[PDB]
Amino acid sequence: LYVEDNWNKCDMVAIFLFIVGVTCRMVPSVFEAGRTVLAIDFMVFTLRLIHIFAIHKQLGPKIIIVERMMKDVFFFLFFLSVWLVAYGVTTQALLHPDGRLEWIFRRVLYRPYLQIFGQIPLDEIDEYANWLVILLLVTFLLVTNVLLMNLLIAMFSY
Amino acid sequence: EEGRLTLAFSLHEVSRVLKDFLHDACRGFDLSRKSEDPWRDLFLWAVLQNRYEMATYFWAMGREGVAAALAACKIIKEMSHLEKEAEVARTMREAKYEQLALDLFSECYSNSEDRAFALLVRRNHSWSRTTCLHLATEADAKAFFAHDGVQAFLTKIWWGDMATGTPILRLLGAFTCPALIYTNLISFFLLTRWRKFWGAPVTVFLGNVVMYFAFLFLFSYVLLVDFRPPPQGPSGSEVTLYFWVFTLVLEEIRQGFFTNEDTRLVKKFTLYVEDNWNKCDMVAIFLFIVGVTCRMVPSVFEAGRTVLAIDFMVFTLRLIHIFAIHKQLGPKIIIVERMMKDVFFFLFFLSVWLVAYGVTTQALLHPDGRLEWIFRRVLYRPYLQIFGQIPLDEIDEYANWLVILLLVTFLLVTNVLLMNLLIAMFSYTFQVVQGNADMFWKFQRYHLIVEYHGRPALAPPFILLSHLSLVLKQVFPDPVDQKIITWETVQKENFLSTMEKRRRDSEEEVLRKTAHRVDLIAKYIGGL
Amino acid sequence: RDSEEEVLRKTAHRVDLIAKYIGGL
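Rules used in this analysis
Residues numbered from 1 in each chain as written, not as in the entry; some residues may be left out. Chains lettered and ligands numbered in written order. Part of a larger assembly, values for the part shown. Heavy atoms only, no water. Residues with missing side-chain atoms left out of burial classes, pairs and counts. Helix = DSSP H or I, 4+ residues; strand = E, 2+ residues; numbered from the N terminus. Rg over C-alpha atoms; globule rule 2.2 N^0.38 Å. Contact = heavy atoms within 4.5 Å. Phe/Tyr/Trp six-rings, centres within 6.5 Å; stacked < 30°, edge-to-face > 60°. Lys NZ or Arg CZ within 6 Å of the ring centre and 35° of its normal. UniProt positions renumbered as here; feature names shortened; annotations may be inferred. Nonpolar A, V, L, I, M, F, W, Y, C, P; charged D, E, K, R; others polar. Salt bridge = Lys/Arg side-chain N within 4 Å of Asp/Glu carboxyl O. Axes fitted to C-alpha atoms, helices over the stretch in contact; angles between N-to-C directions. Parallel < 35°, antiparallel > 145°, perpendicular 65-115°, else oblique. Left-handed = near helix turned anticlockwise from the far one by under 90°.

Method information in the entry identifies cryo-EM as the source of the structure, with 3.7 Å recorded as the resolution.

In structure tokens form, the structure reads like this:
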């Protein structure tokens, strides 16, 4: 019944991460790995702090509302991310005929954080006329991702 | 008239009206012999003429009440879609031959919950051997498929073995574990146990979805790095991806045309295309074959690359259907699909507004003969000014241009208001359409469950060998059903009796009865 | 007891009783 909680599991995984990191901290060869594990342990510790709303009448139930929404939010966000990655694959395999896996992955990540955050690199997204029509169709399709975000927030509020 | 033109009424014309209506009543109707199952005959005779009271009466003495109430729903729905005087049509359509079957099945399922599931799969004796589900799907009985009893049936046929109890975690984890491990994990010569544990629908679902992901990633990498010169063209990509997509199309056609029976080919073809997602697969295969034909033309190399790279987009957009079975997420898809029809139009007009703004700005501030320059600048401003980039070096310059830039910044808040209107109507339509979403999802789940029941366990690659085995195989009880019939009748009359008791105990009847008795006793006492 | 359904049923039954009695006469 101790483990039957969800937050007791939070504390358990937190202590596990911290002890793994403190064991890595004794290995001079894995110095950076220990630093990484402690710096994620800190994140789980500071995420533990959420329970202090439980006693506040005004704010308290908002936490459990969010927790209820989170179960569907994770799945829907995962699929939306798969859609975004598919869009990235289409763009990369069409416009730019990048053998470095680092190049492909980092460009797909940057376009998710530049084109979806307000950066249209016309120097790399607009170039002979077939590529222009392709860029047109991509800008055309982006409104579907906007609709997907609208669906997300609508179901979230419902 | 048509029958005599080919080469007053007997029963042949009647039989033909009915067979034209349903084709489930194909037997149909010697003017002397005593009729067989006459109460049905009277049900029909009184439901064709749209007579209600005599119809439900004649029904309340017949054998079945989820076979016949659904056939009568279909018949009156068709006739109401065939009426001329719209008053008669609106009268017919408001007859409710559906609530009767839904009610009889509710009361027939609460009482046993395991005989009901022999009622559905049953081969009805009086209506020429067609299951209650056939009749229920012809009538488009959305209000019947949404019935909790039928939903539990669809579940127990979805899983198949250890039906209600198989958590998704242990289910997915059972991938590699052997027979006895499954026995210790999920309930259910041991080769037959492995068959009964990996022939069920849900295992076919997961197997085919895993093979689908593997197909998409193989196709991605072979569209990315397997474009060797047109001398070889698609070298490693072509063989694999072509084999896969070919067997996939073969699976689609087979499952489309070789599943139910050997009915009319044009009808099956038209109802295959009558979907929206069958059209998705059709246009996908068309795009892929166009691209693979372009891939043989060394002059249009880039065009083939483009067509394949759009084909990939339509393939990966096909993946959306796998939410249909998830209760929590399922109906969100159809909510979005409902909103999309208005979303497309409203977004198109908003885009026209944005382009008009771009034209005003370009024709005012910058007096660009290159069409490329104009179009690309209008596109960039839609992705820079509406995304957070105000180029003051090109939007601010002598004072008239300054006032113009001021007015443009002033007007931008109207586009902000337009976006607010968009999201507001978007959120409203969701609550507006949240009603029928559950019923539509239930219908979709039925179609999906029977679909995945139909197919074998092999994947699209192994679907070749599966269909090979299929073509190879193509190359080479009265007492208990009588018991179920009697039980059906007993439950029908139970339902009728309790409905009549509840109608008697209605307080309107009580008040009218006591008022009439008060009037009688008052007249009597006034007589004295 | 004060439920109006019980009140209505009680008064209807009493009306039926008195009606049967007065019809007997």
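Caption draft 1: Geometry of the overall build of chain B. Check the secondary structure of chain B and you find 27 helices and zero strands. Relative to the globule expectation of 24 Å for 528 residues, the C-alpha radius of gyration of chain B, 32 Å, shows a markedly less compact shape. Summarising its shape, the C-alpha atoms of chain B cover approximately 110 × 80 × 65 Å along the three principal directions.

Caption draft 2: Looking closely at the overall build of chain A. Assigned secondary structure in chain A consists of six helices and zero strands. Secondary structure of chain A in N-to-C order comes out as α-α-α-α-α-α. Taking 158 residues into account, the globule formula puts the C-alpha radius of gyration at 15 Å, and chain A, at 22 Å, lies well above it. With the principal axes as the frame, chain A shows a C-alpha extent of 65 × 50 × 25 Å.

Caption draft 3: The arrangement of the arrangement of the chains in detail. Sorting the two pairs of chains in contact by contact count puts chains A and B at the top. The two partners chain A and chain C share no contact, and the minimum distance between any of their C-alpha atoms is 39 Å.

Caption draft 4: A look at the packing of aromatic side chains. Residues and elements named next belong to chain B. Taking 5.9 Å as the distance between ring centres and 5° as the angle between the ring planes, the aromatic pair formed by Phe219 and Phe312 counts as stacked. A residue pair is termed long-range when its members are at least 10 positions apart, and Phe219 in helix α15 (residues 201-224) and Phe312 in helix α19 (residues 301-318) qualify at 93 residues. Cluster of aromatic residues (ring-pair linked, three or more members): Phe105, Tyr109, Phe117, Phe144, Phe145, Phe153, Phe443 and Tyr446. Here the guanidinium or amino end of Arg115 rests over the ring plane of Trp487, the centre of that ring lying 5.6 Å away.

Caption draft 5: A look at the UniProt feature "transmembrane region" (unreviewed entry) in chain B. Residues and elements named next belong to chain B. Taken from the UniProt record, the annotation "transmembrane region" (unreviewed entry) applies to residues 197-221, 280-301, 344-365 and 398-418. Helix makes up 100% of residues 344-365 and strand makes up 0%, while its end C-alpha atoms are separated by 31 Å. Strand forms 0% of residues 398-418 and helix 95%; the C-alpha atoms that close the span are 31 Å apart.

Caption draft 6: Representation of the interface of chain B and chain A within the structure. The interface of chain B with chain A comprises 21 residues on the first partner and 20 residues on the second. Residue assignment for the side of chain B that touches chain A shows that the elements contributing at least two residues are α15, α19, α20 (330-365) and α23 (399-433) of chain B. Here the element with the most residues in the side of chain B that touches chain A is α19 of chain B; it accounts for six residues. Partitioned by chemical class, the residues of the side of chain B that touches chain A number 14 nonpolar, five polar and two charged.

Caption draft 7: How the structure looks around unusual backbone geometry. Residues and elements named next belong to chain B. Even without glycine at this site, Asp140 takes up a positive phi of about 55°. For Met162, which is not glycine, the phi torsion reads 55° and is therefore positive. In this fold, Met162 is placed in the loop between α11 (148-159) and α12 (168-173).

Caption draft 8: The arrangement of the interface of chain C and chain B in detail. Listed by partner, the interface residues are ten residues for chain C and eight residues for chain B. Along the lines of polarity and charge, the residues of the side of chain C that touches chain B split into seven nonpolar, no polar and three charged.

Caption draft 9: Quick peek at the pattern of salt bridges. One salt bridge in this structure joins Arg48 of chain A and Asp11 of chain A, with 2.4 Å as the shortest N-O distance. Of this pair, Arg48 of chain A sits in helix α2 (residues 31-48) while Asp11 of chain A sits in helix α1 (residues 7-24), and the two are 37 residues apart along the sequence. Salt-bridge contacts for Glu251 of chain B lead to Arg455 of chain B; the nearest nitrogen and oxygen are separated by 3.1 Å. Taken together, the shared-partner salt bridges connect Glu252, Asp281 and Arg318 of chain B into one network.

Caption draft 10: Structural detail: the packing of α15 of chain B against helix α16 (residues 236-257) of chain B. Residues and elements named next belong to chain B. Relative to each other, α15 and α16 sit at 150°, their axes nearing to 10 Å. Our classification of the angle between α15 and α16 gives roughly antiparallel. As α15 packs across α16, the resulting crossing turns out to be left-handed. Residues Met211, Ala214, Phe215, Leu218, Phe219 and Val222 of α15 touch α16, and the partners they reach there are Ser237, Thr240, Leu241, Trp244 and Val245. Its residues assigned to classes, the contact of α15 with α16 comprises nine nonpolar, two polar and no charged.

Caption draft 11: Region of the structure containing the packing of helix α27 (residues 507-527) of chain B against helix α1 (residues 4-24) of chain C. Orientation of α27 of chain B relative to α1 of chain C, taken along the N-to-C sense of each, is 35°, at an axis distance of 9 Å. Where α27 of chain B crosses over α1 of chain C, the handedness of that crossing is left-handed. Counting all contacts with α27 of chain B, which are made through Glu507, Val510, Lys513, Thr514, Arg517, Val518, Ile521 and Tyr524 of chain B, the residues of α1 of chain C involved are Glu5, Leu8, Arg9, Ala12, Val15, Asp16, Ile18, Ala19 and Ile22 of chain C. Here the contact of α27 of chain B with α1 of chain C is composed, by residue class, of ten nonpolar, one polar and six charged.

Caption draft 12: The environment of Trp487 of chain B, seen in detail. Relative to the assigned elements, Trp487 of chain B resides in helix α26 (residues 478-504). Ignoring anything within four residues of it in the chain, the contact list for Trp487 of chain B reads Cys108, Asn111, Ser112, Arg115 and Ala116 of chain B.

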